Amino acid sequence: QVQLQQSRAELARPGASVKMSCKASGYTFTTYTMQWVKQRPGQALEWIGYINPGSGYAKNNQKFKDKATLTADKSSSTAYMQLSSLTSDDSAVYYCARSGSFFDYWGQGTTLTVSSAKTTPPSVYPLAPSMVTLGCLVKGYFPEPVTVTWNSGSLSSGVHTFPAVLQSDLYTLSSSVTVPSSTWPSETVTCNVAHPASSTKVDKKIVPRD
Amino acid sequence: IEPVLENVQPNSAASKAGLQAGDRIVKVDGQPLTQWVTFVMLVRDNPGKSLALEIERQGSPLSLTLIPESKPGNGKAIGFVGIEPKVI
Amino acid sequence: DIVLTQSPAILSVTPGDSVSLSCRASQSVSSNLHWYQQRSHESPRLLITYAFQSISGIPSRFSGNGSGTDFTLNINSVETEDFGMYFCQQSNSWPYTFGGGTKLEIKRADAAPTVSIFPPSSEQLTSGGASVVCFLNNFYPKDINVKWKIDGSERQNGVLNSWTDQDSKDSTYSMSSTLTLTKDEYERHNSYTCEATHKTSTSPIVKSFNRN
């Protein structure tokens with residue numbers, strides 16, 4: 001009944017500005033205080049600030065003194081948060097929350113990525129050497145995400161697709177599959193790498209080294 | 001009378017509304033609060049009505065919604081929020 | 001600036017025991033401290049408001065106590081939908097502050113990693129790079145160390161590590177370590193070694209390869 005529709009994911013160039021929204025649904029928007037919180041991937045929450053719709057009073061943290069700018073619109077029932085002078089440290093998930101003391105109703109999460117890299121297709125490299133393990137190295141792609149499957153999804157078990165690490169302002173990702181020593185090299189083991197941001201779909205068959 | 005609170009009863013109306021000790025009521029339903037008796041009578045008479053409160057916690061404004069608990073009363077259903085007034 | 005200190009950061013519990021998460025402060029926040037549960041890849045969820053007052057939605061096994069500068073969140077019978085991050089947020093003064101975070105993971109019999117090593121491919125060598133890969137699949141706990149040796153000498157530059165979330169099946173972790181070099185510096189040494197030190201063994205699990 002009470003929902004907080006946040007803006008979709010955002011990519012921003014370093015030094016630019018962004019302005020995300022948080023449409024509230026299911027209550028008197030002018031009587032409850034809106035709250036904005038930051039969270040970098042893997043770290044703790046960080047209170048950005050709060051705003052009172054109807055009065056327009058916005059109070060930010062001392063760190064977000066001028067980085068964050070909080071606005072509210074009663075008719076559209078939407079609270080906006082603007083980030084100016086963007087750097088690499090602004091890449092994080094931003095949440096909006098209801099009430100002014102404890103945060104009862106939370107939103108979905110607006111993920112902000114601040115980078116200058118252009119859309120780059122991925123490079124797929126095969127990884128060849130009981131039970132055997134094979135790999136698939138996806139290096140130098142932008143932006144996220146990349147879906148990695150094995151044998152068109154048939155190899156569903158024993159697959160560890162590791163998270164993406166940033167290298168040279170691009171993304172690198174490894175994926176391992178473990179099959180019995182009889183189902184290779186006497187069988188077909190293929191990693192299907194799909195990067196829809198560049199409309200690229202690579203199918204790399206793993207063969208033993210020469 | 002100084003419109004400041006001393007304590008909030010747990011699991012009461014002012015607890016779920018976000019009111020805390022030391023908070024200062026400033027506005028009720030838009031209009032300012034010049035007489036504490038007006039806020040007292042609004043909490044008393046209305047038994048389950050959403051009251052918009054602009055308080056000043058630590059000197060900074062905050063907007064909350066208070067819904068008084070319909071405490072049983074002989075004359076009529078009375079409103080109890082669980083607020084303890086400032087000690088005089 | 002009230003600094004909430006949430007200790008410890010990670011606690012491993014068998015799915016069925018009790019959990020008492022701590023959250024010490026720095027100034028008197030009285031009872032103005034609330035607890036939030038964040039499941040992996042989700043948004044926070046309000047559990048307990050004002051130290052001990054329960055919310056209308058959380059199960060009966062979630063409670064808590066404390067006052068002033070010491071708080072404790074208690075979970076009775078831990079179900080599978082209770083693991084993840086837990087944060088404490090104070091609302092006493094300005095600015096509002098959250099806790100450092102406490103991670104609730106599932107406990108598992110100490111498993112050893114399945115270490116595999118892979119040399120660079122000809123595709124990458126065509127463009128001028130060379131990435132050596134080391135996979136460490138299925139081990140417990142997540143605490144593990146890995147080191148790269150080039151001809152016996154440890155190297156620190158070019159290493160990129162990536163950890164997986166705790167698996168939903170065997171409840172173990174996995175790590176990927178990529179040593180990225182140029183083709184030139186890769187074509188100047190023969191032995192490449194990935195050695196992993198873990199709690200399961202007093203001696204490291206070593207996987208090496210020679211270029212020829």
# chains A, B, ... in the order shown; residues from 1 in each chain; ligands from 1
call {"tool": "closest_atom_pairs", "arguments": {"of": "range 30-96 of chain C", "to": "range 168-185 of chain C", "cutoff": "12 Å", "atoms": "only C-alpha atoms", "output": "JSON lines"}}
result
{"residue": "C:40", "atom": "CA", "partner": "C:168", "partner_atom": "CA", "distance": 11.8}
{"residue": "C:80", "atom": "CA", "partner": "C:168", "partner_atom": "CA", "distance": 10.1}
{"residue": "C:81", "atom": "CA", "partner": "C:168", "partner_atom": "CA", "distance": 11.5}
{"residue": "C:83", "atom": "CA", "partner": "C:168", "partner_atom": "CA", "distance": 11.4}
call {"tool": "write_last_selection", "arguments": {"atoms": "C-alpha atoms", "output": "short mmCIF file (atom, residue, chain, number, x, y, z; two decimals), in the first residue's frame"}}
result
data_model
loop_
_atom_site.label_atom_id
_atom_site.label_comp_id
_atom_site.auth_asym_id
_atom_site.auth_seq_id
_atom_site.Cartn_x
_atom_site.Cartn_y
_atom_site.Cartn_z
CA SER C 40 21.74 -9.64 0.02
CA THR C 80 17.23 -19.39 6.52
CA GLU C 81 15.66 -16.00 5.68
CA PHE C 83 21.13 -14.13 7.19
#
call {"tool": "closest_atom_pairs", "arguments": {"of": "chain A", "to": "chain B", "cutoff": "7 Å", "atoms": "only C-alpha atoms", "output": "JSON lines"}}
result
{"residue": "A:31", "atom": "CA", "partner": "B:63", "partner_atom": "CA", "distance": 5.6}
{"residue": "A:32", "atom": "CA", "partner": "B:64", "partner_atom": "CA", "distance": 5.4}
{"residue": "A:33", "atom": "CA", "partner": "B:63", "partner_atom": "CA", "distance": 5.4}
{"residue": "A:52", "atom": "CA", "partner": "B:63", "partner_atom": "CA", "distance": 6.3}
{"residue": "A:99", "atom": "CA", "partner": "B:64", "partner_atom": "CA", "distance": 6.8}
{"residue": "A:100", "atom": "CA", "partner": "B:62", "partner_atom": "CA", "distance": 6.4}
{"residue": "A:101", "atom": "CA", "partner": "B:18", "partner_atom": "CA", "distance": 5.1}
{"residue": "A:102", "atom": "CA", "partner": "B:18", "partner_atom": "CA", "distance": 6.8}
call {"tool": "select_by_dssp", "arguments": {"residues": "chain B", "states": "strand (DSSP E or B)", "output": "ChimeraX atom specification"}}
result
/B:4-8,24-28,31-32,51-57,60-66,69-71,78-80,83-85
call {"tool": "interface_residues", "arguments": {"of": "chain B", "to": "chain C", "cutoff": "7 Å", "atoms": "only C-alpha atoms", "output": "list in words"}}
result
residues 10, 11 and 58 of chain B
call {"tool": "write_last_selection", "arguments": {"atoms": "C-alpha atoms", "output": "mmCIF file, in the first residue's frame"}}
result
data_model
loop_
_atom_site.group_PDB
_atom_site.id
_atom_site.type_symbol
_atom_site.label_atom_id
_atom_site.label_comp_id
_atom_site.auth_asym_id
_atom_site.auth_seq_id
_atom_site.Cartn_x
_atom_site.Cartn_y
_atom_site.Cartn_z
ATOM 1 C CA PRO B 10 6.866 2.664 24.880
ATOM 2 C CA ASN B 11 4.638 0.920 22.331
ATOM 3 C CA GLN B 58 17.605 19.375 18.496
#
call {"tool": "closest_residue", "arguments": {"among": "C:191, C:116, C:127, C:12", "to": "chain A", "atoms": "only C-alpha atoms"}}
result
C:116
call {"tool": "select_by_dssp", "arguments": {"residues": "chain B", "states": "helix (DSSP H, G or I)", "output": "ChimeraX atom specification"}}
result
/B:13-16,36-45
call {"tool": "write_last_selection", "arguments": {"atoms": "N, CA and C atoms", "output": "PDB file, in the first residue's frame"}}
result
ATOM      1  N   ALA B  13       1.362   5.678  20.984  1.00  0.00           N
ATOM      2  CA  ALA B  13       1.153   6.395  19.730  1.00  0.00           C
ATOM      3  C   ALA B  13       2.359   7.257  19.382  1.00  0.00           C
ATOM      4  N   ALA B  14       2.881   8.001  20.360  1.00  0.00           N
ATOM      5  CA  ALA B  14       4.051   8.836  20.119  1.00  0.00           C
ATOM      6  C   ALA B  14       5.309   8.015  19.868  1.00  0.00           C
ATOM      7  N   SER B  15       5.296   6.724  20.204  1.00  0.00           N
ATOM      8  CA  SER B  15       6.430   5.859  19.900  1.00  0.00           C
ATOM      9  C   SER B  15       6.451   5.482  18.424  1.00  0.00           C
ATOM     10  N   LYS B  16       5.301   5.071  17.887  1.00  0.00           N
ATOM     11  CA  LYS B  16       5.196   4.740  16.473  1.00  0.00           C
ATOM     12  C   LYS B  16       5.190   5.975  15.583  1.00  0.00           C
ATOM     13  N   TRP B  36      -0.440  25.392  24.345  1.00  0.00           N
ATOM     14  CA  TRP B  36      -0.308  23.949  24.527  1.00  0.00           C
ATOM     15  C   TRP B  36      -1.660  23.288  24.766  1.00  0.00           C
ATOM     16  N   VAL B  37      -2.625  24.044  25.296  1.00  0.00           N
ATOM     17  CA  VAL B  37      -3.956  23.501  25.538  1.00  0.00           C
ATOM     18  C   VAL B  37      -4.613  23.076  24.232  1.00  0.00           C
ATOM     19  N   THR B  38      -4.303  23.757  23.127  1.00  0.00           N
ATOM     20  CA  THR B  38      -4.886  23.374  21.844  1.00  0.00           C
ATOM     21  C   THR B  38      -4.399  21.996  21.408  1.00  0.00           C
ATOM     22  N   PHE B  39      -3.093  21.740  21.531  1.00  0.00           N
ATOM     23  CA  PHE B  39      -2.571  20.414  21.213  1.00  0.00           C
ATOM     24  C   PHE B  39      -3.124  19.362  22.165  1.00  0.00           C
ATOM     25  N   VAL B  40      -3.252  19.708  23.450  1.00  0.00           N
ATOM     26  CA  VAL B  40      -3.807  18.759  24.412  1.00  0.00           C
ATOM     27  C   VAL B  40      -5.235  18.387  24.034  1.00  0.00           C
ATOM     28  N   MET B  41      -6.050  19.380  23.668  1.00  0.00           N
ATOM     29  CA  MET B  41      -7.435  19.102  23.304  1.00  0.00           C
ATOM     30  C   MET B  41      -7.534  18.381  21.966  1.00  0.00           C
ATOM     31  N   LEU B  42      -6.587  18.614  21.054  1.00  0.00           N
ATOM     32  CA  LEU B  42      -6.588  17.869  19.798  1.00  0.00           C
ATOM     33  C   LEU B  42      -6.257  16.401  20.030  1.00  0.00           C
ATOM     34  N   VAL B  43      -5.292  16.121  20.908  1.00  0.00           N
ATOM     35  CA  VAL B  43      -4.987  14.736  21.255  1.00  0.00           C
ATOM     36  C   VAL B  43      -6.149  14.107  22.018  1.00  0.00           C
ATOM     37  N   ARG B  44      -6.821  14.895  22.859  1.00  0.00           N
ATOM     38  CA  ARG B  44      -7.893  14.369  23.698  1.00  0.00           C
ATOM     39  C   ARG B  44      -9.133  14.035  22.876  1.00  0.00           C
ATOM     40  N   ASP B  45      -9.635  15.005  22.110  1.00  0.00           N
ATOM     41  CA  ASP B  45     -10.919  14.839  21.438  1.00  0.00           C
ATOM     42  C   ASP B  45     -10.829  13.828  20.301  1.00  0.00           C
TER      43      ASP B  45
END
call {"tool": "closest_atom_pairs", "arguments": {"of": "range 49-156 of chain A", "to": "range 136-142 of chain C", "cutoff": "12 Å", "atoms": "only C-alpha atoms", "output": "CSV"}}
result
residue,atom,partner,partner_atom,distance
A:133,CA,C:137,CA,9.9
A:134,CA,C:137,CA,11.9
A:135,CA,C:137,CA,11.9
call {"tool": "closest_atom_pairs", "arguments": {"of": "chain A", "to": "chain C", "cutoff": "6 Å", "atoms": "only C-alpha atoms", "output": "JSON lines"}}
result
{"residue": "A:44", "atom": "CA", "partner": "C:100", "partner_atom": "CA", "distance": 5.5}
{"residue": "A:101", "atom": "CA", "partner": "C:91", "partner_atom": "CA", "distance": 5.8}
{"residue": "A:104", "atom": "CA", "partner": "C:46", "partner_atom": "CA", "distance": 5.7}
{"residue": "A:127", "atom": "CA", "partner": "C:118", "partner_atom": "CA", "distance": 5.9}
{"residue": "A:129", "atom": "CA", "partner": "C:118", "partner_atom": "CA", "distance": 5.8}
{"residue": "A:162", "atom": "CA", "partner": "C:164", "partner_atom": "CA", "distance": 5.8}
call {"tool": "atom_distance", "arguments": {"atom1": "CA of residue 154 in chain C", "atom2": "CA of residue 189 in chain C"}}
result
12.7 Å
call {"tool": "residues_around", "arguments": {"residues": "range 109-116 of chain A", "least_positions_apart": "5", "cutoff": "8 Å", "atoms": "only C-alpha atoms", "output": "MDAnalysis selection string"}}
result
(chainID A and resid 6:14 20 86:96 169) or (chainID C and resid 43)
call {"tool": "residues_around", "arguments": {"residues": "residue 21 in chain B", "least_positions_apart": "3", "cutoff": "7 Å", "atoms": "only C-alpha atoms", "output": "list in words"}}
result
residues 5, 6, 7 and 8 of chain B
call {"tool": "residues_around", "arguments": {"residues": "residue 175 in chain A", "least_positions_apart": "4", "cutoff": "8 Å", "atoms": "only C-alpha atoms", "output": "ChimeraX atom specification"}}
result
/A:135-137,148,159-162
call {"tool": "residues_around", "arguments": {"residues": "residue 207 in chain A", "least_positions_apart": "6", "cutoff": "10 Å", "atoms": "only C-alpha atoms", "output": "ChimeraX atom specification"}}
result
/A:126-129,134,184-190
call {"tool": "residues_around", "arguments": {"residues": "residue 72 in chain B", "least_positions_apart": "5", "cutoff": "12 Å", "atoms": "only C-alpha atoms", "output": "list in words"}}
result
residues 44, 47, 77, 78, 79 and 80 of chain B
call {"tool": "closest_residue", "arguments": {"among": "A:210, A:203, A:46, A:144", "to": "residue 62 in chain A", "atoms": "only C-alpha atoms"}}
result
A:46
call {"tool": "atom_distance", "arguments": {"atom1": "CA of residue 196 in chain C", "atom2": "CA of residue 152 in chain C"}}
result
14.5 Å
call {"tool": "atom_distance", "arguments": {"atom1": "CA of residue 57 in chain A", "atom2": "CA of residue 72 in chain A"}}
result
9.2 Å
